[PDB]
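# this one's experimental. Sequence and coordinates below.
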Amino acid sequence: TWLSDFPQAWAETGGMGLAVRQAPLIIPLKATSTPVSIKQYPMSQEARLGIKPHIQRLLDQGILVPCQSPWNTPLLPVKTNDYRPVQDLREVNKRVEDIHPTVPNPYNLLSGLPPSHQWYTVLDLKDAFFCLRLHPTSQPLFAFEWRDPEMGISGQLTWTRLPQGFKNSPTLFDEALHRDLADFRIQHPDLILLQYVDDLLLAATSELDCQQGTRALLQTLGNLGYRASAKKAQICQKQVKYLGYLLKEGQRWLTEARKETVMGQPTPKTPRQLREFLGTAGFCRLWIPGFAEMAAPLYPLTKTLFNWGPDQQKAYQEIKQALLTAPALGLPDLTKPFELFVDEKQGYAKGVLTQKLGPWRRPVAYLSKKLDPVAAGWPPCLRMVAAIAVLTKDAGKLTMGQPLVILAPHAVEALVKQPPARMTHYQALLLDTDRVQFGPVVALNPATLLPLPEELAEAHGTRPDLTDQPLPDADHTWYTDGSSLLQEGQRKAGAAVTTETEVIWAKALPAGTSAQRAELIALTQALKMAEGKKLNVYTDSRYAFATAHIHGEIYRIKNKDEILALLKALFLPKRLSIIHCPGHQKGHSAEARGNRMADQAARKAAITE
Amino acid sequence: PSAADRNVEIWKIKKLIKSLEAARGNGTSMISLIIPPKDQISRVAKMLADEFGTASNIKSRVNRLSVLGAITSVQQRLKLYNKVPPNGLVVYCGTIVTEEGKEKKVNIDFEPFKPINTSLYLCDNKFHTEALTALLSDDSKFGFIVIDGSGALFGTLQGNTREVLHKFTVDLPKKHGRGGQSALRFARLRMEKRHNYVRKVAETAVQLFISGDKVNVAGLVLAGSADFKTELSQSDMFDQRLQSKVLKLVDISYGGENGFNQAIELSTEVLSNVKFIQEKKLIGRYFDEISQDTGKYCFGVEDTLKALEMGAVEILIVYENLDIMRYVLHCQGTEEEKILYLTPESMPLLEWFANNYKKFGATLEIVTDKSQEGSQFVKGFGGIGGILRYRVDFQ
């Protein structure tokens, strides 16, 4: 019945389309653009003859027309032996003035949907772009040569309508359609309408509201002169596919085809295929838990040395895994209170925006973001605040300023008060407690990022990441010793900082000093000359180690000078490990050979001043 | 009773619950026999040979062998013990898969500290360690002091059910009566009677909680309204024996018997976290020893064992998860020595200490990395060292 009732609206019965309310389109060029005439590809007869009936049908529809242009472009045959035509308009698309794609991404277009309307109706428009006319000024632009080598017919043609392959067409169509349907939006409130270029989704409350709205909408499309696909349409259904997103009963999955386009491209290895493997996955980042931390190893191959290691082969595989395990997301409903759980690790934020479904929480999104460098330098509980802050900013886009109950593994509401600089920016949109609120401290699933039944202060901190660990990079092996007891007269006073083979650094000290201050002065000095070369420092004296390894302790002792120099001198090399190996210095493996050498340097090369 | 020597025994229970749950055999091959104090020995000998005839009828070859050899194993073991000692006898026998394939009879039999009514016997495909972990529910005697202008209460919170002891009040003047004296003549009488009241608090706490040798109460918590919740902490009018046993100082209003019940409710978490707070105090005093340069400390493996055999070491402080093992062998040239490895080319060393700390030294305390001072102890000093009695050279 639907086809008989709307004869004009359906492509199979209503014939060709033509947007009657849209004036022909002039196409602005760049000032520096000129006509470009490309040699047409010499084509096979098997291909050329296979193309002709498609071109013949366009001429008869007035769409293509003969011309004599200084522009030209080629004609590429494509594809079983059923060769259809393609133009390739790269050399034009270079020369044409760009317009701004005002179009917002598919997902956040869908984010303008409520679950109040669970009766859907999807359409798509056949040969859409061709319904927009081309102003005769612009027609010559899109010229291309055609021939018949069994008829002598070697001449030029061009488009009266908007072609297929011109860069701005989707955008230009979108604006035009938007305008045409603003009329329909105004005279039909209550319904929701979603468009992106050549796809339409009509949401309704009951089946009755949908049927009437659909009828109205179709009647309009015929009036406007756009033609909908009778085959691929979806009329008055609870479950519907749209823009690669499967909708059903207030939920939102990815259609397997939308997965497949990401799943069905090989390991890129080129910077373009890699950049556009990330590009394509970008629409699906809202289903991936912790996409920011997952996608870390690949962002350095944006722009480069293309070393595809195990860490990146893993990261590329975690994504497909996450895509294969992509869950249902709920549409944001906007009446209930929302609940954003959050976590951070390795400079990467990650979290989930959810809300109540019965006594359950059904996620609405998976929001993640990398902490910017200044914040990534901060301590744990700080970087937990930043992450909450960042995800809260983004969540706001989906919440539309509605009730929001934050959660985290470190309860950091008290921290908002006392920061001993950058917090004015955060505290603004955290402690504005009309919209925002905190909630119970809680652990999360590495996998789902949902809460676990599991119950600290934020009043702490002092020391770095110092260990008793010969670090795996194995950089400078430096053995430190000193000497301030008396021998054959008076107190010697001498330091040394050697290695297994060389001498590196050494000196004498003042006549005074102490007995064991020498060892400190040598170690301080050994720790000055180091910065971005890792270092592991061996100590012969055991007083030196402990005081120096504790950490870093503030006080409320009668030797502050050397000490307060040492305490501050330790923040200098990135990743340090103070070890102490007199085990044994008397001696000799591939280790204590250099300990021996530091002990022989600080005694001999010490009696000079 | 030493609350420190007990905490290592309870550690050795926690490690037996880890290892018995880990090991698992094949079919009905695992006996979990627990004997109380009061029940006779030949009664159990009779109850085992009872089950030997009930395990003759089984009819399933390999596990029938396993039960008969294991009930034959426990009867030989139980015969070498004449009746029951004053705590009881806990037992675990069965065959299980170890490393490299192989078979392994475990054979456990010992005396814990009081399972009085615990009478359990279960044969199964895995052991049953529910009764041992029932020994680790023991919330100790926890002390309470609450002070207010009107009066003071003294009492005890032993787990959940609450107790109260001495209700005493001491008068001190309120407001400012500006009669026939001067402005400041009452200010002097305020500190006078407050400091009098604080001394009386100090002496009354000294009497009831201590008892005599060893402090009755395992830990204390303080609470108050005015300077009473500052005055007592800073000034050591409070120190006499029990000051070291103090957990945390609580802030409260009311100050009567309903102050008591705010304090117990704000201090439920801290009383259950004895080990964590006591850990951070014990690591606390270790680090203070290095700060004062008072040379009563040591660290690392070879320095510790030196302090052990010398018997300088008062208190040994070791991380529960020490990767190190100790080793003792016949070698080449028929001799006997001790190596202690870290990385691969007997038992754990933490396990060895747990048993033999009493021998030379001789005090042990087990520590964790969860504590932020414990974390420092671990990754900084390799999780081994201790409190000594005097100055030591080494090098």
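Here it is on my side, so go on. Numbering: from 1, shown residues only, chains lettered A, B, ... in the order given.
# contacts only, for the closest residue to residue B:220 other than its chain neighbours.
Distance criterion Cβ to Cβ, 6 or more residues apart in numbering or on different chains; nearest residue to residue B:220, sequence neighbours excluded, is residue B:143 at 4.1 Å. To be clear about C-beta, it is placed using only N, CA and C from the backbone, and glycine gets the same treatment. By Cβ atoms under 8 Å, 6 or more residues apart in numbering or on different chains, residue B:143 lies in contact with B:155-156, B:209, B:217, B:219-221, B:242, B:245.
# the helices in the stretch 1-150 of chain A, which residues?
A:2-5, A:45-60, A:90-95, A:106-110 (DSSP state H, counting those that start in this stretch).
# next, the buried residues of the third one.
Of the residues in helix A:90-95, those scored as buried under the neighbour-count criterion (16 or more other Cβ atoms under 10 Å in any protein chain shown) are A:92, A:95.
# got the contact list for it?
Outside helix A:90-95, the residues within contact range by Cβ under 8 Å, 6+ apart are A:29-30, A:33-34, A:36, A:38, A:71, A:73, A:141-142, A:166-167.
# quick one: stretch B:240-252 near chain A?
No - judged by Cβ under 8 Å from any Cβ of the partner chain, stretch B:240-252 stays clear of chain A, getting no closer than 11.9 Å.
# skipping its backbone neighbours, what lies nearest the one residue in the stretch 151-300 of chain B that gets nearest to chain A in space?
When distances are taken as Cβ to the nearest Cβ, the stretch 151-300 of chain B reaches nearest to chain A at residue B:290, 4.8 Å away. Leaving out its chain neighbours, the residue that sits closest to residue B:290 by Cβ to Cβ, 6+ apart is residue A:546, at 4.8 Å.
# ranges for the helices of the stretch 201-350 of chain B?
Using DSSP H, counting those that start in this stretch, helices in the stretch 201-350 of chain B cover B:228-234, B:257-266, B:268-272, B:274-291, B:301-310, B:349-356.
# tell me which element residue 394 is part of?
You didn't say which chain, so I picked chain A. Assigned by DSSP states H and E, residue A:394 belongs to helix A:380-399.
# care to break the chain down by domain?
Just going to use chain A. A:1-22+A:99-132+A:168-255, A:23-98+A:133-167, A:256-327, A:328-455, A:466-609 (curated CATH domains).
# wait, I meant chain B there
Here the domain assignment for chain B is B:5-135, B:142-289, B:290-388, based on curated CATH domains.
# now render those domains as JSON lines, adding distance to residue A:435.
As requested, the domains of chain B are arranged in JSON lines below (distance: least, Cβ to Cβ, whole Å):
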{"stretch": "domain B:5-135", "distance to residue A:435": "47"}
{"stretch": "domain B:142-289", "distance to residue A:435": "32"}
{"stretch": "domain B:290-388", "distance to residue A:435": "35"}
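# out of those, which is closest to residue A:590?
Of all these, domain B:290-388 sits nearest to residue A:590, with 14.4 Å by Cβ to Cβ.
# just give the nearest non-adjacent residue to residue B:322, would you?
Using Cβ to Cβ, 6+ apart and skipping the chain neighbours, the partner closest in space to residue B:322 is residue B:350 (4.6 Å).
# same check, this time on residue A:452
Nearest one to residue A:452, counting by Cβ to Cβ, 6+ apart, is residue A:443 at 4.6 Å.
# quick one, phi psi at that neighbour?
Backbone dihedrals for residue A:443, given as degrees, to the nearest 10, come out at phi -90, psi 150.
# isn't it up against residue A:451?
Yes - taking contacts as Cβ atoms under 8 Å, residue A:443 lies within contact range of residue A:451: 7.3 Å.
# the more surrounded of these two?
The neighbour comparison of residue A:443 against residue A:451 (other Cβ atoms under 10 Å in any protein chain shown) goes to residue A:451, with 18 against 15.
# quick one: the more buried one and chain B, what's the gap?
Distance, residue A:451 to chain B, by Cβ to the nearest Cβ, to the nearest Å: 20 Å.
# neighbours around residue 144, how many?
No chain in the question, so chain A it is. 23.
# I was thinking of chain B, sorry if that wasn't clear
Neighbourhood size, residue B:144 [other Cβ under 10 Å]: 26.
# now name the helix or strand holding it.
Going by DSSP H and E, residue B:144 is in strand B:142-147.
# which parts of the stretch 251-395 of chain B sit against chain A?
Of all the residues in the stretch 251-395 of chain B, those in contact range of chain A (Cβ under 8 Å from any Cβ) are B:287, B:290-293, B:297, B:299-303, B:372, B:376, B:379-382, B:394-395.
# contacting residues for the nearest residue to residue A:244 once chain neighbours are set aside?
Using Cβ to Cβ, 6+ apart and skipping residues adjacent in sequence, the residue nearest residue A:244 is residue A:258, 3.0 Å away. Residue A:258 sits next to A:244-245, A:283-284 when contact means Cβ under 8 Å, 6+ apart.
# residue A:258 - that's part of a strand, no?
No - per DSSP: H, G, I helix; E, B strand; the rest coil, residue A:258 lies outside any strand segment and is helix.
# how close does it sit to residue A:279?
Look at residue A:258 and residue A:279: by Cβ to Cβ, to the nearest Å, they are 14 Å apart.
# now, which of the contacts of residue B:143 sits nearest residue A:54?
Of the contacts of residue B:143, the one sitting nearest to residue A:54 (Cβ to Cβ) turns out to be residue B:221, at 89.0 Å.
# which stretch of helix or strand covers residue A:457?
Applying DSSP H and E, one finds residue A:457 in no helix or strand.
# buried residues, the helix or strand hosting residue B:50. List them.
Element membership of residue B:50 [criterion: DSSP H and E] is helix B:41-54. Within helix B:41-54, the residues scored as buried using 16+ other Cβ under 10 Å are B:44, B:48.
# okay, it in CSV with CA atoms only?
The C-alpha coordinates for helix B:41-54 follow below in CSV (Å, rounded to 0.1, in the frame of the first residue of the first chain):
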residue,chain,number,x,y,z
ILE,B,41,43.0,-39.9,71.8
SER,B,42,42.0,-43.6,71.6
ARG,B,43,38.4,-42.3,70.8
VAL,B,44,39.9,-40.7,67.7
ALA,B,45,42.0,-43.9,67.1
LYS,B,46,38.8,-45.8,67.2
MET,B,47,36.9,-43.3,65.0
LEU,B,48,39.7,-43.5,62.3
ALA,B,49,39.7,-47.3,62.1
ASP,B,50,35.9,-46.9,61.9
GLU,B,51,36.4,-45.0,58.7
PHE,B,52,39.1,-47.4,57.5
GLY,B,53,36.3,-50.0,57.2
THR,B,54,34.0,-47.4,55.6
